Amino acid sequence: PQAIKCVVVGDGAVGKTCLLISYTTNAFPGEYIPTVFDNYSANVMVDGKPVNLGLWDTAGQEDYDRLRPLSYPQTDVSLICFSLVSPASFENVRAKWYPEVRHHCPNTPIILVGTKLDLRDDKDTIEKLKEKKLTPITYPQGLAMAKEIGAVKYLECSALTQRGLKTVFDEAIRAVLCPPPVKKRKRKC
């Protein structure tokens, strides 16, 4: 089919690997989870046409800050991931990822994704967190962050329950297939 390359960035432990695995296998991996999910292209049929989605998982460690970007050239869509129950990783979207992704991928659509949607309600979570003067990330908050880094869409999902995990990659593909007309920038003078 047509090949649309997708890269997935975000803080460590946000769920980028479990996101790609819960998506390609249709099952949430529990214990054994690799640091980096091996590169994989999946055949999907969005809007009545097949697509060869090339999914890339990276290593968010600042230790690979120079190695990671080697994956950005030739990319059509980037997904900036962050955990909904991790205010830290949220703040880190404007401080680290958005500036990184945009600077290496100018004029490339970006999708902000709040992972671990299933933890937004969990009692335990809202306690050990609730005791650090910190609350879970709201939808409006992510929506606001999206509007701020100029993302084409904001989406929330959970790999555990595979909720909304389908639309994240449909929207990513939809963002590459037929997006709005660029402004024809750099149109000299």
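Residue numbers here begin at 1 and follow the sequence given.
Between 178-186 and 3-11, it is 178-186 that carries the larger average Cα temperature factor according to the deposited entry. Mean CA temperature factor is higher for 20-28 when stretches 164-172 and 20-28 are set side by side in the entry. Residues shown: 118, 76, 91, 100. Highest C-alpha temperature factor in the entry: 118. Going by the entry's values, 45 shows the largest Cα B-factor out of 143, 45, 36, 55. Sort the modelled residues of the chain by CA B factor and residue 108 lands in the middle third. Among all modelled residues in this chain, the alpha-carbon of residue 67 has a temperature factor (C-alpha) in the middle third.
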